[PDB]
Amino acid sequence: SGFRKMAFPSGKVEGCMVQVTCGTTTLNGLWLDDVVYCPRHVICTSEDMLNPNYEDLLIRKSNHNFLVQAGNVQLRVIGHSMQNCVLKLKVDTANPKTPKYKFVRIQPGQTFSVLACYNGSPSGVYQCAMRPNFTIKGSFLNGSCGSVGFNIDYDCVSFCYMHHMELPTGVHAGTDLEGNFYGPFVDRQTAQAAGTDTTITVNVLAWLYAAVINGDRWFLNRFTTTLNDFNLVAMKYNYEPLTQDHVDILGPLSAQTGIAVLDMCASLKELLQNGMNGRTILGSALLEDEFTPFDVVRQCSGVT
Amino acid sequence: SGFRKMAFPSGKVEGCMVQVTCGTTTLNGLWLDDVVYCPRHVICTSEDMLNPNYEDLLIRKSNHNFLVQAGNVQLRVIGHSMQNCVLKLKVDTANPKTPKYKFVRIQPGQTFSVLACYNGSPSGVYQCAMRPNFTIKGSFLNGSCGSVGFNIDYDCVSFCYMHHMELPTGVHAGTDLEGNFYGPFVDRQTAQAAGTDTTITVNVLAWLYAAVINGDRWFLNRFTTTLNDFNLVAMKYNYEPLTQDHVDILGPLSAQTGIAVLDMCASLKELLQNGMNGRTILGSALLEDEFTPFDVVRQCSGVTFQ
Ligand SMILES: *C(=N)c1ncn(-c2ncnc3nc(SC)sc23)n1
Ligand SMILES: *C(=N)c1ncn(-c2ncnc3nc(SC)sc23)n1
Ligand code: NA
């Protein structure tokens, strides 16, 4: 029993984290085979960052300007290039600890594990979701840039996030490993903000199913609803629309508990309209939307 | 900025997890140098569990009755002994991935990382606290016994918890790595139940300090309190007493934020009296008691967002 926000075991990723220094900036890089990936903003000073011409800044640097440290050992950079907003530093040594991996771009609503690192050294691991507004609610201090997010899908690590910056509201923005930002953000000092966010409906439903599986049932009721009427309510409470795809994706959880999706939707309607009346669900007083259906299934089955 | 329940990186522990089988029972073990530690109940049948005589069950086993699998490789058991409620299986091979480590027995209120494992293979990692009633609020299915809890301060792993069982309320009980149970629990199917739990006051305070460090002051007030009046009130909400040790331990968080401990105590009093009135603190609508002072200092900036 029990239900906890749970990260993937981080060991396969820990063996890929390195320190990258350029001038007076130190941040983290990801060392896979003979390439180290890191945010291209590592080459910028404060002044550069106001209006950077990355092409022009990079051509002025030599290989030997990039100091890359894997634990105690220096790696030698033998090439550098840019792909979108990430820098690729070719090094002389292949990482002997490179796991089987892929670069994937995730969708809003999907969760992943973050390995927070400072000076190329892993510090902590937690679970995040890509918010509808394409930010993440992370925990990152200065020096954390280049930390990555990942899922593990067999023995294969799927890297999906590299950290680039913090927005004024204290939430976080970054790229996929091909260097494309999640969201309408840029790696320069200009005014940028998180857009208004919404709640990830399908995930709240998943969590309601988790709660039932774990014996927390007080919010169930005799009523059912339709997709259209439910989505009228969702819109009103700043919830993402529920689609037929979401209903399909919730099928396994529905079958296991005997609660049809639209039956659970009637519970959620009531919670949104009436609140919780001083009660909690899985120890929370708010509705939790950072567990996916697959997250719930994985934790309430035991896959390893 | 931000604030999250954050576990230690699990890789140093992942390289120590193995599968142990005895008869039809499979669970997890912890492979350090040439010893595999696991719960002694691996030798029991379900019938045995009502009144097991572990000494008598164990004397009937040979080395070769214990099957230990490290990933793909079988290890050879060459010795066994029981210490308290753990079995130590001596094996032929030293773990080449053994980290620097020690065993520590923790106190109620201390937090640690759990690596939940099934069939000797890691499944996930999360943060837990030793509750005042000596249970943990974990996430564990059948097959999870032998999963361990740890901290990693510097490069040294401190093992503090091995999982043994689930209590009827759905909370979890286990031992230190010397095989002593936390709490009055036994590895026996009896009527045993977790005592009524309380909130870990010092940790709630720590978290209030975290919220200040991160730029939130709405819950502060102009009042102060004596330690004794605070404790008189707190006990009426099922909060653990705050001791002078706890006040000492909160000193650095007090210095960084400019808010005296007993002034933060007054804020908590008011929060308990009033609740939150639709507001959140660090994204929670409840008061959070699973972050220690040390946890807050580790995660938060040393510069308060004033
Ligand atoms: C990542 N290691 C990092 N530390 C500090 N910063 C940072 N500080 C100030 N401005 C700023 N702008 C960025 S992109 C628009 S990243 C950054 N990053
Ligand atoms: C740990 N690997 C595990 N799986 C299943 N059980 C278990 N099941 C039923 N009863 C029971 N009692 C125990 S100690 C009193 S452990 C256990 N454990
Ligand atoms: Na219903």
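The numbers used for chain B are those of Swiss-Prot, and the residues that appear cover 3264-3569, in sequence.
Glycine is treated like the rest: Cβ placed from N, Cα and C.
Per Swiss-Prot, the features are as follows:
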DOMAIN    B:3264-3569  domain 'Peptidase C30'
CROSSLNK  B:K3268  ubiquitin cross-link
ACT_SITE  B:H3304  active site, for 3CL-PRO activity
CROSSLNK  B:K3353  ubiquitin cross-link
ACT_SITE  B:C3408  active site, for 3CL-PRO activity
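Known features from Swiss-Prot, placed on the structure.
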| residue | record | Cβ neighbours (10 Å) |
| --- | --- | --- |
| B:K3268 | ubiquitin cross-link | 20 |
| B:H3304 | active site, for 3CL-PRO activity | 23 |
| B:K3353 | ubiquitin cross-link | 15 |
| B:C3408 | active site, for 3CL-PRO activity | 25 |
Recorded positions satisfying Cβ distance under 8 Å to any chain A Cβ, from B:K3268, B:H3304, B:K3353, B:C3408: B:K3268
B:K3353 (ubiquitin cross-link) to B:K3268 (ubiquitin cross-link) - Cα separation in whole Å: 36
Pairwise Cα distance for B:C3408 (active site, for 3CL-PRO activity)/B:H3304 (active site, for 3CL-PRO activity) [Å, integer]: 9
Separation of alpha carbons, B:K3268 (ubiquitin cross-link) and B:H3304 (active site, for 3CL-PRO activity) (Å): 32
Assigned element (helix, strand, coil) containing B:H3304 (active site, for 3CL-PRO activity), judged by DSSP: helix
Contacting recorded positions, sequence order - B:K3268, B:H3304, B:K3353, B:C3408 vs ligand 2, Cβ under 6 Å: B:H3304, B:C3408
